[PDB]
Structure formats: structure tokens, C-alpha cells
Amino acid sequence: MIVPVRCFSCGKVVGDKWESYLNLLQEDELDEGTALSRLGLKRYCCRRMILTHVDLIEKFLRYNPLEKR
Amino acid sequence: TXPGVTXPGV
Amino acid sequence: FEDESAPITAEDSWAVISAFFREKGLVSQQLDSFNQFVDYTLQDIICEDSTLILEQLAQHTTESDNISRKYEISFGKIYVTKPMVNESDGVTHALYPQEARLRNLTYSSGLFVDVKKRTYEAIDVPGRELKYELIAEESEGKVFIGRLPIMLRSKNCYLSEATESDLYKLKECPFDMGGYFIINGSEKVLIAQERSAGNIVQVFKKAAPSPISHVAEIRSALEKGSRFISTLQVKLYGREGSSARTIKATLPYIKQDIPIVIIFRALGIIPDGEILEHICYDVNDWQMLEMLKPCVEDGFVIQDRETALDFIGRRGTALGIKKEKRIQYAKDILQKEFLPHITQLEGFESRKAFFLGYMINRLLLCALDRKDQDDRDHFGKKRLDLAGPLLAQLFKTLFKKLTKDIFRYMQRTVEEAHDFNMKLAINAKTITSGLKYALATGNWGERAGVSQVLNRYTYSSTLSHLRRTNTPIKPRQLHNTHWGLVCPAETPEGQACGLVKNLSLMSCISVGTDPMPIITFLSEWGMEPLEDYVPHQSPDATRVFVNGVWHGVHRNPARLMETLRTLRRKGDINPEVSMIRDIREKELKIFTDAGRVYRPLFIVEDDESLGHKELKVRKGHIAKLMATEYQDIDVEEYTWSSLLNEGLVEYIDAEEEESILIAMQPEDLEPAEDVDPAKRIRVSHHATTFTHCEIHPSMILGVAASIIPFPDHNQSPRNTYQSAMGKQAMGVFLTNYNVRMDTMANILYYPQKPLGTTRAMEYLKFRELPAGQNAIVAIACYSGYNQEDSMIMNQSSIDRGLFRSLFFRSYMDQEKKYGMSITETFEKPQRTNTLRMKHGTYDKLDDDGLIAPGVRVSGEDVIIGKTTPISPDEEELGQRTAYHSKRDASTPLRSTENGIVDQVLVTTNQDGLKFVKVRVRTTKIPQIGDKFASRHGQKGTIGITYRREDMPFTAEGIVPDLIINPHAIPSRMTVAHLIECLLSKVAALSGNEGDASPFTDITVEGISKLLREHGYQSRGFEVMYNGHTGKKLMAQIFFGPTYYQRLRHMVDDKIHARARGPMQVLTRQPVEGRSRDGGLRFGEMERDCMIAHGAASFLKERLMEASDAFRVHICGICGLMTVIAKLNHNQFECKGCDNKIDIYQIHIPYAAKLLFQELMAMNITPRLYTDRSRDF
Amino acid sequence: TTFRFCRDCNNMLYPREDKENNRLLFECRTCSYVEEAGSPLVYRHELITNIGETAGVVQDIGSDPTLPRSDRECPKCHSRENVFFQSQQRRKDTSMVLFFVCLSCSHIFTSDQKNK
DNA sequence: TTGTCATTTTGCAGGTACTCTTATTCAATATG
RNA sequence: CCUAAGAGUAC
DNA sequence: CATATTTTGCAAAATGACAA
Ligand SMILES: [Zn+2]
Ligand SMILES: [Zn+2]
Ligand SMILES: [Zn+2]
Ligand SMILES: [Zn+2]
């Protein structure tokens, strides 16, 4: 849905490394492994936390708000 | 037969 | 690449598959069949018959009015509109699916037909033939005859041309595929119904006890007529050792089995030689002649066509025809009832005689042990009725009912001489109600389970449901012909194992086309007409069949097949048409009917440039397809239809698949002939005569089985278990779940795309809508709390969001007009003037009787407040006065459920009465008893949860999210589980995605080499330390990420206990079900176990005190319970026996009392006596 | 058996005893067409049928792609390439002997050894 | 004063528990 | 509330 | 305008003669 705050197994905070990860993937044309290593995710628990996330919230944001102010 | 698979017979 | 004509590789085929799914989609068969039904079948149903003529004779007592009239009504073109809804105020406006779903409407579109009324008049002159003429009163004027439900995304739906942005605007998920109806706000899907194909001759052996040894039958049926099933059977009487081997045919509406030669003579073939020529096509085949001589010996008694017709009429079951008209009756039987699929007109006796000879030929070939009896399970002999044909036959019946009603109304209004009106004639309620009833309920009439509620638990579950086929009822076995058409391992484990099937990824169903162009092509290219066919002059002639109708013979079948293939490969013939050439049997069969299941295949040609067989597709076509796909994500478009129209790929069904040779992969099987020991063993087949090539073997799997990583490394029952169990996986079923009021919805907090992924799962959108999470799994006998399929889940991981879920439940409530002014009202009931108010608190309800969103609700609390008017001025119950004019009809929350009210929706129903829906949201957090499973059938419940400090840890501080027992591995042989764990570890470390496609060249050795290059033990073992003491574990632990699904079976929805509760009104026993606070069944064999234990008093206590104990009085004279017992006055009296001092009381189950009273009501006296009259 | 038909009305001919010459005489049952008998055989019953195993062979049997190919010696052309298939008699007790058709001469030769 | 042998009709029921959802209750012509 | 139907869990 | 009625597994039991 949206990026998890912490890695499930060890508890490292990874919720602030999603936009940086996307910027590294897009702007710098880095592959996923090097981008993960750059952000400091060395254990594969954190690496699978960030690598396999699906950002479904964008889809949810496409629909018009039900209660619009 | 049986039933199923009366009897036979009856 | 650089070379345009270079051969393709195994990787290039995925581009072809991508193009296929860019054009077809996943539910293409549903939409195609419905579009065929709407575009063409409705018009055919309307035009065929539906010309009501009523001839009102003159009935002239005087010659002044000797005029006979004739009123005729005809139906012209049919117009089907866009879906629209009526309203209580009469305003009609466009209806969209995400309004019908919310308002419980039906997504249907009105049907109109141009009705033309004509009247003819004639002078009723006796003797002179009547001549009818127009009176120039030609009135025509469309009329509304009903509403057809429209499936979503069909050509007549609002979403067919919608873009992604428009779909977002209309509150429709772009991932939603359509192919389902909305009946009363419920999504209904039509399961593809399997049946045996029609107009095919099948010969079956018979058992020893039966007198008939072999039976040849055809299920004759005509598509463009009455659509009635008439079964012709040709039976060979006598066993192998019998001498009187006579062949007899079972004609319809005939009480006896007529001998075949009688039928030949009736059709118009008198001489025996001509009959045998029509039956046996070989003069030298003296065995068939010897076997067939008893038939001519039997029929020697009849030597004339009129005699045979009289014989058939005499055997006719009507028995209401005079002797000279029996001939006509037999003629009618042989014209409109014998082999209808050939023709219904007259003058085609020779064709039917030839077909009968062909049937007898097949029967004799099977009896002579020259061919095996036909396999009933051959999938090429089966047809799948999709939404099109099902709706077509239902609408045919329903419109026949409507037109009969129209004729009856016309007759009634002309006999009563009243005025005629079109609006009073048509009753659109007939069609509308019939279609809505057939789609709303499972039953298909006026079969069961044809239409089912669409499964919306998970995206893959919805996809599998939309591609499901059911076989009405070894048929359960996986047949050889099922290859590439249905999923080899996707079927329920229960009674429906094998009967319920799922389509393969690339399998399609033909929609049926008109065979007239093909017949014209055959006649042009040199097909001999069957009327002037003499078998003797053309012995080696190939019989040409079109849709099971023998149309003639061809003398050069090779050239004919070559030109037919060329025409179909350039699109002149519809590619769905299947053409089969059986060289050994010298037959040519062409099938164009609907329901045939086919799949695409690459085409292999000679390719003289390379001197060896090669695929027609080269690198240039792959490059063009890639360019088109990249442009979609300015050059000429190159789609799947472009490959189809240039003879690159072909559609092959099972019948045509019988006569082809297929190469499994191009790179290994096309070119002519130090190997890796880790790779699996493959063979080259040592043969180069291929006609087609598989696009990819992994396409034999279905939607559910395409999620399995490395399915070829698993035992097949494990794949079946995962196929059945991934439909129960929890994830995101649709992106617009926030605007849908579904009855139940389950959503993961953090769905994750698998680390080990297949190439076929990016066409199923599994990476966009995942239904699981990557958990760090350790396979270890850690604490003994994961034995017998239990699991140990990390409590700290749960605290951080692992497998957490949202659960939505919706309650719907309407107000209904009990009368003219007896309308219900949504309100907050007041204890002062309301009856039957529930014990739940009504406080949370505000003025309108609906809890505002955000308010926490617990079990039994009232969430919808509704009251209904009743008759006032009644006093009873102790606290009932005239003020209690309202009866409470409120809806409380589920007793076992609680949560936050999420949303409430108020609107008007079809009738215009206000109704509401209340969606309540709660959060499910994994706990002891919840069911989780990998993608390899490794189900299990959570045994215990440990915190992070107690779990075993590696030298890097990584602790597992899950611990599973080693003992689950060896017996189940789920090697794919271990391979996928290793691959996921490598993928997580390296940042790539693990390619876990089934039939790739990815070995354990290579994955281990990559893992070792990452600095870990190559086989995935890790040195782990005990959590409690920190000491090293003597055994190293298999450790790594693995994809797990959270299944729908949570313990909190299953726990149930009952001390005492509501009792059944009839038997005074506890009610059934945990939703009703019911009781558990103490069945027969539990009683047997307790008897074996010898505990009699416990059994008595279970059957009497625990369930139902009833004290009843009897008398010693008659054992009946007819004792009037006034307990308060202490007076016992059995009328009839006239005793008052000879009464006993007994304790028996109330069910026993009810049984005795029912026996008494059935004239049986179960007299119960309290003393022995006989010694033991 | 080689059944034959009357040439007057196209009907069956049945065997008939003769007295003047004591010979088999074929007679018609509806037009009294009478003629001699080619052979004394009037009924053959094959308890074990040897024919029908090579049935289905056609002048273009090589066009079938499903039929397996072989390089076995053709004892009329000495050609390698040919098609082969097992016995077409679908009785459960038939042998697994193979038959070969040369695609250049259409001569059927078996792989049997007792016959050879 | 007793065997004979050879076609035509004779009845049916399918494991144990358990969970959930959906639809539907005769339509319509006819008389009070 | 009854009835019917469908889907499913453990054997 | 509203309620009332129009797939599966056989051995026998029974039947029609019958023959002097
Ligand atoms: Zn981590
Ligand atoms: Zn009594
Ligand atoms: Zn003759
Ligand atoms: Zn040869």
C-alpha cells in the first residue's frame, strides 16, 4: 500500500528511504542492488523490505476524494 | 445391484 | 537482431505472448461470446419463427359476410440500447456499473423491436382456393419487449471504450477485467458448462449381459432451427458367439428398433447391392459383407419403399393415423425427425441414406476390432457453452413464451372483437423477469449453479473464477487431450475433483461462424456433391465433413487441405475454424461451431534457405512487436492479429491437435544435432518433421498455477493444493475497494511482490496486486511448538506490520411497502412504543437510525434502526399497549464481530424506497491459530509466537519471521520450496528478481554459486545461535526469505462454545451453526465410540440432558401418550381406556415423542409399556 | 468369400443345390437369375484375422507428420527413409510387430522374424 | 398329469463433522 | 423463520 | 382497487406357450 516504516525482522527504519530509492532508480539509472546498498540496507531483510514494496497508494490517489474540502 | 451398484435381485 | 530473418530464441517467445495478452486479455472468451450473442444471435432468434398468423375464417351463416381475415404480426430489426435505469418518478437516465452495484440495480439495457402488423382479406368461396390481399393498413414503431443484462466491458457497456483516466473517474478499477453481470447489485459470473459435442458419431461397446454388443449413436442437433436434441442410435444385436447379428436403428417417435435395411428401402434405395454400396465402401472387405448379410436377410420380407414406409408407420407410436396416411406419417418422421442436422427439407433422401451407411460403417469397423471404441473423455469431443449460447437458449425459450402470449392475446381480442393495442399485447416483464431470475439464481430454466457470485477475495481468485468450467454429472481423470487447454493441476479436492476445470492461460473458446463461405469454397475447389457420389467409381475418395454433416467427397485431399490452410492463414477463413485431415481413415473434417477450445501455436515451414525446418516467426517480427509494445508504454502497429493474418501463428484445438507434431521449444528441437550435470535431462525426440512449435510450455498452466515458483520441482498434489489455496490468499482484490460496498473484504496492510517470480505472473498483474509477503523463514526444530505443520511466528515482526489485515463487512437494509401506507421507516426505536427491541444498545444510533462513520461498534450493538407498522389496539405480554404500533426490525452487528463503522450509504432502490448499506472496518492481526501457507501447499497454523530476543539469530543479527518444522519437507517432497527460498535469498542480496519460471534452465548449482559469491554458504545454511542462552546451535539452519500467504481461515472466526442457547422450534433441539449460537452435532458414530467405551450413563446424558429431555404421560392399558394430565389439579385421565389410576410418566427425548406422534398420525400405534410380558 | 450380386435387379445371390449336374448354383431370390459358381467356398469365418493389420495405407501416407520415420533397409529400393507403424488390428492379443512403407516405392515390409 | 425352456418386467441409493453467502416465496386474469 | 442452491475447511 | 385460482450394476419373478 505505502512503504512500511520499519523492516519487519530487524526493525531498521526504512520508511524514509523510499523516495531516495526511486530517485536513485530514475535519475541516476542505478540498478536495484546498488541503490539498496547506497541507502545503507546491508541485511537482506531490509533489502527485501524496500525491494519488493508495491506502491499501491498511487492508484488509490487516482480516484477523486469522497469528502473533498 | 445394492442399491446402489436391489440385490441382485429385489 | 541485426539480421531480419534470423531464427528466434526461447526468450523471444515471451514477446509473442505479450502481444497475445495485449490483444486478447484474460477474460476474452466471456466478452467475445457475449458480443457474438448480442450482435448476431438476438437477431437470429427474433427473425426465426416469430411470425404470428391468425386466420379468422368467415364462419358465414349468410353469404353476405363470406370474408375470411388473417392478422399477421412480424418482428423486424432489434435495437439494443445503452444500459439505463427507470425510477420511481419515471425519469430515465444512464446507468453506470458503479451505481448499480451500490443501489442494488441490474446493469441491463432495454430491447426494442420493429413490429409490423399486416392484415389480409379473402372471399370465402367454397371450392375456390382462397387468395389473400393487402388492405393497405400497414402499421409498423419500435416496442419495448424487455431488458437484457449486459456484462461489463462488453461492446454495449459504458466501459468498453473507457480510458484509464475515465475508469478512475467512474470509480472503476482499471485492473478490473469485466466479463460478469450485475444482477440486483451482485456480480454474477456464468461458469462455462461442458457438454458432449453434437452431430458426431460415437461407437461404444456394451457389457456381456446386454444383448446388443456395439451401439453407434449421434446426438443430432441443428443450430439454426428448433434447437432440439434427437438421439439416433444404431445397435448391433447379438454377442460375438451369437449367429443372428442384426443391426437395428432407434428412430425417434418409434416404439421399436427398425432394421436398417428397412430404413434404406424407406429412404428410396430398394436394391440390396445399392444398400450395401451405401454401407460398405470396399468390395474386397468381405468381412463386413458377411457381418452385414443378416440385415438384408431380415429385410428381404420388404422389397418396396411404400411397404417400408407402411412398416415404419405401423411401428409408429402415435397409433392415430389411417392406413393410407401412415405413409405420410413415416415420410414426416424421415424428413423432420430423422437426422435433423443434415436437413429439414425434402428431396435429400440420398444424403441421409449416405449418412446412415456411414454410421453403420463405423459401427461395423468397431465391431470388427479395426478401431477402438470412442473415448468419451476426449476433450476434442467436448464443447463449452459460454455466456453466449446459454443466454441464447434461455432467451429463445423466453421469447417463445412471449410470442405465444402475444398470439393468445391476439386470439382473445379478436374473438371478443375488442380493439387491438401493441402495448397491451407485449409483456416486457416476461423477458426481464426470466433473465433476471436465471442470472440471480443458480438454476437455468423457466441445471443449477450455472451463474455464481463472482469471487472477490483476491485478484487471482477473481481471474480463476472468470475462467472456470463445470461438467454436469473416468471423467475425473486428467486426460491427455487436456494438454494446453485446461490447467493440469487446478481443481477442488472434494467431490468436484476433475469435474471442475480451469482454462489454460492461452486457451480460447470459439464463438462460432457461418459455414456457408467454407461450403462455397469447397464446392469451388472441386468437392464432389454427395448426391451423385458412387463409391465404386471413387474408392479412394476422402469424405469431407463440415460441422458433422457429410457434404461430399474429394479426390485430391492434399491440395484441398493446402489451399484451405493458406486461406485460413491469410484470414480469408476465420482462424477459429478447425480443419482436420485423417489420412488413415481418409476423412476431412471442418468444424466452425461454437464451444471448441483451442490454443495458439507457432507455425513451422520448410525454410529452404536454411535447408531445415524452422519457425515462420523471425527476429524482425519480434522487433516489430517490441516496438509496438514500447510505443504503447510513431511507427506502424504490429499486434497479435498481425501475426495471425500473416500466417505466423495458428489456432489449434484438440481435434486438429490429433494430426500435428509439436516441438516443445524451438532452440533445442528445430536445429539438427560437455553438458551441465546440474541441468535436467532432456531429449531431442530424434525426429524432424514438426508442423508447429509450442509458444511456451509454461502456458499449459492456469491462472492459479502460474503463481507457483518452480512448479516442476514439486510433487503434483502440492501444486494442486497451492492452486486451490491461492484463491484463499489475502491481498488487494481491486484498487477501488474503498468505493465498493462488498459483503466481506480482506486487504493486506503491506502486500509485497514475490522475490521469486514467474514470467507468466506479470500478465496476471500479480506484481501490481500481490497477495502475500516475503517472510524470513528458518526451517528448524527449534522449540517443539512447530510440530505437525505448526509454525512459530515472530511476535516482533507481527508488531511491525507483518501479515496485518483490514476486514470490511457490509450490512444492507431496505424499507419495504407492506401496503399502500404501511411503509417501513428508518428511525431510532424507542422502548416506549416499539415491540421486540433487541437487547443491544441503541444509543449509538442518531435521529435517522444510522450510526455515523467513526463510531466504534461492538457485538450485538444495533447499527440500523428500522420499525414496521402493525395493527394497534392490542393488549398482551404484560407491557403491550395501543402505543406499541411499531415492531422493531433493526439490524444488529454480528455477535462475534466488532470494529469501527467505516462508511454508510443511503439511497433509493428501484421502487423508490430508501435503503442503506453500512460498512464496518476492523483490523485482523495474526495470532495463534491463524492459517498461513507458502506457494507450495505447505499449509499450517501458528503454534506459538516468540519475541525477537527469543528467536534464534545469525551472526549478523537477522532473526526469522517464521520457523517451520523440517519434518514437513521430506514426506511432501516440496523441493520447490527450498529452491525458491535459496533463489529469494540470492535475489534479495543481489537486488535482482528471481526468475522462478517452471521450465527454464535455472539450476540449484547456479543459484548456489551466486549465493557463495555473496559471501554466504552456498546451500543456504547459516550458523545460528540459540535465543535463550546465546550458545551456538550444533546444527546449522536453513535460512532465507520465502513468500507466504495469509489464508482466510482465522481462529477467531471459528472458535465457538455453547452452554445453553436457542432451541429448534420443531424438535426442541439446539439450533445449527455458530452464527445462531448453535450446538455441536453428536453424530451416530460418536455415539458408537461412546458405546465402545462402555459409558452408558454419559451417552444417556448426552442424548437426554444435553439436548432434549421431555416428560410425557402414558397409561398402562394402552401405551399411547393420549393421557390428559392436569398437573396443577393433579388429574390424569386417558379417554377411551377410561382409567384414572393407571398412569405413568416417562422421560424420553422430544424427538422420540415427535416420532411417536408422527407414527400415530400415520396410523401406527407405538404402545409403550413399563413392564415385561415375556421372559428373556 | 467374394459375394456377388444379380446383374438384372442388383440383388444378392444365394447358393443352391443342383441335381442334374450336382454343382453349386447361385440363384436370385426375386427375379430367378441363375448362374454358375466361381468357387466352392460359400462362407469364411476368420477366428484369427491376419488381414486388416496393414489397413489404412494410402498412396500419400508419407504426408502424415505424426507417423515416425526410420532408416531401415527397404528390400525393393535399398532406401533409408521410410515411415513405420504398428499393427492396425486393435485386438488386445495382437503382437507389437512393426510395418514399414517406403516413401519412394510404397512397398510394405514387416519387422517380423518367424515369417522371414 | 408333468416337466421345459425361453422372453419380458423388477426395484435405487450413495461417509462424518464444520463455515460462509444468495434468492425466493404462483402471476395474472377475474369478480366483489 | 423455512426451503433450495452455490462456494469452502479437516478427514 | 384487492384476494382467489390455474452413471451404475443382474438375478430372478413373471409370461407365453406345450406336448404329449
Ligand atoms: Zn532489516
Ligand atoms: Zn389409554
Ligand atoms: Zn435378380
Ligand atoms: Zn522402397
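Values below: every heavy atom of this structure, side chains too, minus hydrogens, waters and symmetry copies. Just follow the structure's listing: the first ligand is 1, and inside any ligand the first atom is 1. Every chain is numbered from 1 and lettered A, B, ... according to where its sequence line falls, protein lines coming before strand lines.
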Nearest-0.5 Å distance, CE of residue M49(A) to NZ of residue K12(A): 12.0 Å
Angular separation of SG (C45(A)) and SG (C10(A)) seen from the Zn ion (ligand 1), to 10°: 110°
Opening angle at the Zn ion (ligand 1) [SG, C7(A); SG, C46(A); to 10 degrees]: 110°
Ring geometry between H53(A) and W18(A) (parallel below 30°, tilted from 30 to 60°, perpendicular above 60°): perpendicular
N, O or S atom of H78(D) closer to the Zn ion (ligand 4) than 2.8 Å: no
Pairwise side-chain contact, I776(C) with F1039(C), heavy-atom cut-off 4.5 Å (strictly under): yes
The Zn ion (ligand 4) to nearest N/O/S of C77(D) below 2.8 Å: yes
Pair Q795(C)-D799(C), side-chain donor/acceptor within less than 3.5 Å: yes
Distance below 2.8 Å from the Zn ion (ligand 3): protein N/O/S atoms: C6(D) SG, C9(D) SG, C28(D) SG, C31(D) SG
Rounded distance [0.5 Å steps], CE in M951(C) versus CE in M793(C): 9.5 Å
Trace of the side chain to side chain donor-acceptor pair (under 3.5 Å) decision for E27(D) with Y14(D): CA-CA 5 Å; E27(D) 186 192 327; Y14(D) 73 99; 2.9 Å; yes
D272(C) with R29(D): basic N within carboxylate O range, under 4.0 Å: no
Geometric class of the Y1016(C)/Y44(A) ring pair [parallel <30°, tilted 30-60°, perpendicular >60°]: perpendicular
